[PDB]
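The basis for the numbers below is simple: all heavy atoms, side chains too, and nothing from hydrogens, waters or symmetry mates. Here is how names work: the chains are called A, B, and so on, in the same order as the sequence lines, proteins then strands, and each is numbered from 1.
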Amino acid sequence: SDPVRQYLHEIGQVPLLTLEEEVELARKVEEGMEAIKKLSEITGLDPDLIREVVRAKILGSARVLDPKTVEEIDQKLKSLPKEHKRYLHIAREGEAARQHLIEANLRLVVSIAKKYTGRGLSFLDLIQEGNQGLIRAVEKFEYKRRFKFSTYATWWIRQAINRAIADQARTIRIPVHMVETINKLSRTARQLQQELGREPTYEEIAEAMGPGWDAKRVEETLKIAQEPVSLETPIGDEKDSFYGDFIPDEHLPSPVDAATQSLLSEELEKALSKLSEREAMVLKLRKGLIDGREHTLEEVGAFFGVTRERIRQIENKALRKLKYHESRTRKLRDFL
Amino acid sequence: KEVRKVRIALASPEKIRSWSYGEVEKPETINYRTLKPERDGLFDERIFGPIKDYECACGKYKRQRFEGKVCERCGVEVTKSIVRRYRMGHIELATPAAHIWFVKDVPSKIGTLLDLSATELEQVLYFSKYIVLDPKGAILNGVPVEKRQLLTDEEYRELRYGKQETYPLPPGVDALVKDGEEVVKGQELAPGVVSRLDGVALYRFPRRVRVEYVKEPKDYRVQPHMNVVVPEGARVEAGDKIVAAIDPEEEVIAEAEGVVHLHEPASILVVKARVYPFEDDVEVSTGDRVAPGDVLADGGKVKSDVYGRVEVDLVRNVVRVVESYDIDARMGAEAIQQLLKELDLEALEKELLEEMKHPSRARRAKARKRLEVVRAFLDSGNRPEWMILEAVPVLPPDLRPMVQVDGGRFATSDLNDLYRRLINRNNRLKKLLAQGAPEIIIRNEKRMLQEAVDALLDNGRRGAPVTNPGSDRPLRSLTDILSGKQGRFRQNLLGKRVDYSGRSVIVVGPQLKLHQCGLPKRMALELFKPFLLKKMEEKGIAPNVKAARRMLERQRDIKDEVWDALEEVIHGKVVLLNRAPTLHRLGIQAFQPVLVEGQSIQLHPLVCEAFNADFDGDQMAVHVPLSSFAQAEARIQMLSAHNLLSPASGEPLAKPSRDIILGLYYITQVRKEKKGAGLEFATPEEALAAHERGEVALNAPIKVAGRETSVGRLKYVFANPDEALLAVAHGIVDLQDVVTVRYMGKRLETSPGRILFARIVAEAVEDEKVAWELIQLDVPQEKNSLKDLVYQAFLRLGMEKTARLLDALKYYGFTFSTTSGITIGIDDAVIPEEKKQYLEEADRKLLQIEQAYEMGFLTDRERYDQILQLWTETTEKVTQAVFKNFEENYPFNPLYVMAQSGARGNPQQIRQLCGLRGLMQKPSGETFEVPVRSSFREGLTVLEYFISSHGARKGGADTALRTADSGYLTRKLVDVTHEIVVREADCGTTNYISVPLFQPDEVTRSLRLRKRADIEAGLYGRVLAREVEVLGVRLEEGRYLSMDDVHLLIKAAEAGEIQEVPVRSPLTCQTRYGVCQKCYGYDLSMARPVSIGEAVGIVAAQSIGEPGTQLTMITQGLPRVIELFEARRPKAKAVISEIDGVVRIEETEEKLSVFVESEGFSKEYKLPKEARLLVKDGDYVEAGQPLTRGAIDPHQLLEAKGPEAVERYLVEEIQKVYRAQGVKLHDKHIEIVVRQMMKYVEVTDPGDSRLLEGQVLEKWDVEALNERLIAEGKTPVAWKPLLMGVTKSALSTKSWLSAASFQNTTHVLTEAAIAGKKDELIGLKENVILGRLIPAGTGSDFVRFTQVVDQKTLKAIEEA
Amino acid sequence: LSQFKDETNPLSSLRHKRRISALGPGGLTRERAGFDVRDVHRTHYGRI
Amino acid sequence: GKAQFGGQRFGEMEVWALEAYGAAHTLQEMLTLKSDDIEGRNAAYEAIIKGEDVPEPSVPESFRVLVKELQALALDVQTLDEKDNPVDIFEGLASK
DNA sequence: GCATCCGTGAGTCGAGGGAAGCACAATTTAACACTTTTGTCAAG
DNA sequence: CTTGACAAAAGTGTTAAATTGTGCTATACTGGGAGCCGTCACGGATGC
Ligand SMILES: [Mg+2]
Ligand SMILES: [Mg+2]
Ligand SMILES: [Zn+2]
Ligand SMILES: [Zn+2]
């Protein structure tokens, strides 16, 4: 029932690698990678394509490029002579060794991942992200340098865990460069807080950050670093009130706002009635009361078949009589 | 068109993708800087639509005519932004994930179809055990593997990859076994290590290699970074390499020709495999899988001899085939989905039908449960594999908003967090799969992906709840949104917050009429604002509505003409006053608002009891019906002056109250004098002559010549009430002095106050003759006598005149109580002179009890009981002495008058003020031996006060914990009966119930007449099924029983003319989805036959549930009612005889047994020793008759006696609780609920139908099916009556919408979706959820289509 | 247990500081508390 | 809440009281016109200030939320007519 | 039979409550100028 | 009424800074940690 305990048990069934065993697996992966390049160079195929085919065969049929093209490529490799088929065998052994090398180091990622808990990602999420770095470590690891795998894999495991926190621990995602700035700002504020025996102001923090930092930038950075608050957070001891119950919806028009818009249209339509049968259409086209979008003088002219100056005269004439009708009636000033 | 049905069903992945407008590929919500949604994110505009109306995300199309156009620069459709509330997305899962609703909802739907236990399903789904889908001829422990077998991880690795083990050799020591040598189990490999399995032994890392040159046993050392490149026993020519190394300097070569021997292995690997040496090229590669007869190398010379994984060793030039099988075992929902895809429901149904004939009941019961799930999927058309999700739907972002508050902060729902984790884990799984990650990594990620789906769908159902990091609050999932008291159903669908609504403190308005309320001006201005703006525009107050609204914005800008317009606005209109809790329907009433200065609502005194409203700080809500329909309903149906009788009991509910009763009682009570009190004379003049001498008082009872009269009746004879009340005004006589008055031609001998009360009724009803027949003149007007007057006025006159009478009673009751002189002083709590004598007697008896106890004649328990009896008897005597003193010496005492009139107080409370407080109970339940001998007037001591506080806290705690129980019970009763509506005038049924008039008393062993209030509650307002001829009166069939008819029937029963009354009740009603008019009876609120279309089910539930708070003051009280309504088996259940016969007691010292003997049968009942047998030898008991005291099990009674007996038992026993508490409730309301409890049946013989034995279905359906089968000549379905509680009856209703909104929302929805249930929207809850017109009241089809037209618009139409 | 101070009058503030609550983190629940915890025990004399 | 200028909660028990009274139209207004019928509440206010009677109400938005929340649980909730033909309560705003 | 798991427990209101750095590339965005529409003033 | 002049605003095009995304780091390091009872009580349904 415990997913963490279930995972820890599963990784415990793979015995840890000795130095001799670790070197053999690392050598096989390196030999397997080189053989894949040799196979691709000779056969002309994509090195990635051959690696996937070799990987697909090693992983077996328990894993779901369609299988028919895998079989065709595999048969093509098997048709090679003994000298060329020897590189196919090395690729198969290399891929099998890579799978074993990754599985036998699943305890290393857990030891690293347990030090990143409480930073926005759950323990199992940290492990799986670290596993991705561990896989990259195996690809990049070189046994020629005689350095132990734990020395090099630690850098990649920590990198993958740290990058995942920067990319997945906030609901409103913040780039790595800005997340690094926020962490540096928090460290600086924390160090100054203990030195001054109080919470530092934005001036002290900005000075300690270095050049290019002022109180304005520190204040903006803190504003950006504010996580959104949940709409379901209860308030009060009674569990019957939430944040969402107090936030009005300001997008949809209110019944009052919708009603006055319809009232305005009715009053505007009556005002346009006093206008001539030609002036009203020009004015509504220019103000976008018909199509929803304004029309330029030439387009209004292309609509009626006159030059731009005619519309600008009609519009100024239609818009002037409305001023007269409005002033002589005062039935339209309230909506303004 | 119009929505008539709502259907819920499983959504296929094809349908989920058809819903979605795009796949959400990224967990990003919005840009942190620009605050715009990110592309492909949870708030993406190309998926869910534009944020603002008719505007793309790229700012290129910002007009309306582009409606329906998708921008080619950004992809955002140019449409309304409100589509963002409706457009969904989807998440394409890398691997299928099971829906938790169809996994953890017991019994699991997936497990039922697949015949997998809950443990087995969880192990497979969460990657704990494998399930076999294709054995491929795999043998496990010598036993071939069969399909659908669960394999653990260790077993699967064994079958899929083979056996192998590595034994680490100690340093330096050399293995005794050579490389490539087969070993057996237990064989020693090195001197210190022994193998554990038989297989080929292979050197892992030879630390030393010994080459033998020919000319020389040279030895070479191998380091951890060096690997041997040659096999053991290999001929190595001069120059050939032996050990490979990183550095060529340390590389090992051969000086000359020699043979290579490998020694000092680091460890030995023993693997069960086959080694095939080869010379030419191998046709296979490492990791391939082979079978016997497969070619391996040399072009067919070398062939495989066993199944397994083939691995080629280039160093040893041999081919190893690790013995294993290509078994197809899978975990997770991908394995489950394959099994559900392969199910043949048609074939599975046939097998289950075959197994339905198994003799074992458990085998048949299990087969039906599986087959019901199989039948549901077959009839609905759903597919079983649809229960596993391949695509996860995404809620529209406006339903899970990320909104910015006024402070610039961002607020988002928890669903965004749940969606992000699912996307984050899904994307990582795709990356891990693309990288060819090992199974352990992939399996862990798949397990998390399944858990992420389950947290989104139902958080906390399986495993620890998901909490947002930085807090311990569980995230709100989709299941939590729709379920519970805070869910969508109960918080936003069944109840809502409303516009045009206000609230304020309530004060008493005595000057108001019954139909009026005091609405503050400021409240009315805001409540009636849109109406007021129109009125202001009509007059010259404002030019238009918009300018009118600006005027009302500022308080100092409101002119004095606005208030005049507001008076015109509300003219005729009514408002709804509501006080919580709305226990019954009178909690909301319609009043005509009266604008008042202030901020408090003025409430009429007479409606306080219905509202349960006092004026110690209570508040009410005001609601404004808007349309003409809403106003008409409130002014006709909901008006306060129209609802004068209680729907629960039929008695008046708006009746005179505390101060009203006190005033009317005071004037109508006569004075009694003691001055003369017995003197006899010869002539009246002698009697008067003594009075002026002061020997006899005015109201002293004397005898003039032979008759007993008083001086007042002789001295003062008044020609009419006008003269009598004129003498009162002049102080000649008082309202309480008995005089002689000539009223209506009859020389009455009554007080002017009683004559005044007669004129009060006569003027109120404007009919002197009828009002004279309505009142009881010769008694003071207490609570009950005034209540009878209201009911009689209602029957003889109607609502209009009764409301006028009520206001007249209220006015005079208030007027007279003010000037009467009621006050409470410390001396008004008169101490009886007998209290000191009684306490001395009790002390002497108590001291006498102790002396007998000290002598050993009685034990502790009986002494404790005897002390309690002494104080209980003493407490009762003091109560008698308190009230006897009041009725002899202070007949007008304020405590006595308030108690006697019913205005305030009861004899228990008066005694504590005047007599003694009495016994008190410990918190453990025991009563203190010493009582509180001091009253509240004398004042308790410190110890007595603390002792009394134990009971006060228990009573206060009981009240707090009973409101939840009573409120829960009412909700259960509503949901089981909400669909019951009077739907037709008559259902035509000839069935009935015979309401008994005589009760089987057992202490005297005789039939005794039931109480009048009990017979009224079972006979008032009921249609006679059969003609009754009693006392020369012929009550014809179909006649509604009024109170006079009920009283006549009781009178006939007292004369031994009738024992029971056959009446039509809802129990025998045959109307579907409700009752008929003739089976219900009268509308107790209107005292007339019920109108078709009334929601009697809601009224019945409110009528039963409203007095639940008062009930609690074997089980008794509210817990007894709850178990009766839930049809629960009592803990101390009574033993009833299954068959009829004579009882034969066989009591012996060893054990107690009870025998029922018949002609051929002999039933034995083994009763416990402490069994209170109520049946003795020589008695003939019938089936279902109890043999021992206790509560009868309704289910045992139903099987032993029948459906009618259990219904009668349930109604009677529920009433016993309410009757014992003084609550009056008609039996109709309880019978409506009991009818719903007995609504279902269980099939015992399928017959010529597709129904299953033991299947539960509604009684109406099986009867309709049975009559159908007879029509085409087929064997009918044989069923058995079934009883279930209100919760079970409600949850098994046909409509899924009402059941889901009640309880078990996950369980109701998961069954309805699988069965594809279609809700026909028959009851009230379903229509309320959809906002439709409820099929009751004005929304009923009986009255909804009525047309109205005048005689001129009709005459002209008739011409055409 | 950290509650907004009730200071309607001086007695209000004095009462609040002397209140004893069975609820809070590590205590009973408002709806899970039976009659036994809510009763006046005999040992409340002079103490509660 | 008074501080938020909010309405009065018309809970389940208050709804039962209207059902018992038979006030079908009064109940329907409080469920749609006065609470969450966005098209209804906008039209009702406009009709009143123009001196007209309020129009016939429509489907509440809360039910629309219920349908969408049920769809998010992979449950196909469909509103049908007399002839079992589906009825679109979203006015074509959610149909592809 | 009993262990075991699951769902249920009044209403309205109220207020208060609100622990890495670097390099390097790749993409996005402010900044700028030139030309093109649109708008405007004149004239006949 | 249209022609042309005339210019302000708006619209393409380049393009530098500013911002964002991605890879890499080599002693050796290889199975977590908070919870923790006034455990809520009780009825129902399933199961073995
Ligand atoms: Mg009160
Ligand atoms: Mg006289
Ligand atoms: Zn666009
Ligand atoms: Zn009937």
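- Across all strands shown, B:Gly1108 has no heavy atoms under 4.0 Å from either base or sugar-phosphate atoms.
- In the set E:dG17, F:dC1, E:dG21, the nucleotide with an atom closest to the side chain of A:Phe246 is E:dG17.
- Which of F:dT30, F:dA45, F:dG21 sits closest to the side chain of B:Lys1288 comes down to F:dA45.
- Considering only the side chain of A:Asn105, F:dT30 comes nearest among E:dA19, E:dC13, F:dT30.
- In E:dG9, the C1'-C2'-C3'-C4' torsion is positive, which places the sugar in the north family.
- Under 4.0 angstrom from either OP1 or OP2 of E:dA10 there lies at least one side-chain N or O belonging to B:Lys485.
- Separating the P atom of F:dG35 from that of E:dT8 is a span of 27 Å, rounded to the nearest Å.
- Residue note: F:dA8 shows a south-type sugar, the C1'-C2'-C3'-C4' torsion being below zero.
- The side chain of A:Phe147 lies closest to F:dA26, out of E:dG7, F:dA26, F:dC24.
- Rounded to an integer number of Å, the gap from CZ of B:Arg361 to P of F:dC48 is 21 Å.
- When the P atom of E:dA19 is taken as reference, atom CG of A:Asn183 falls 9 Å away, rounded to whole Å.
- Sugar pucker of E:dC32: north, as indicated by a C1'-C2'-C3'-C4' torsion of positive sign.
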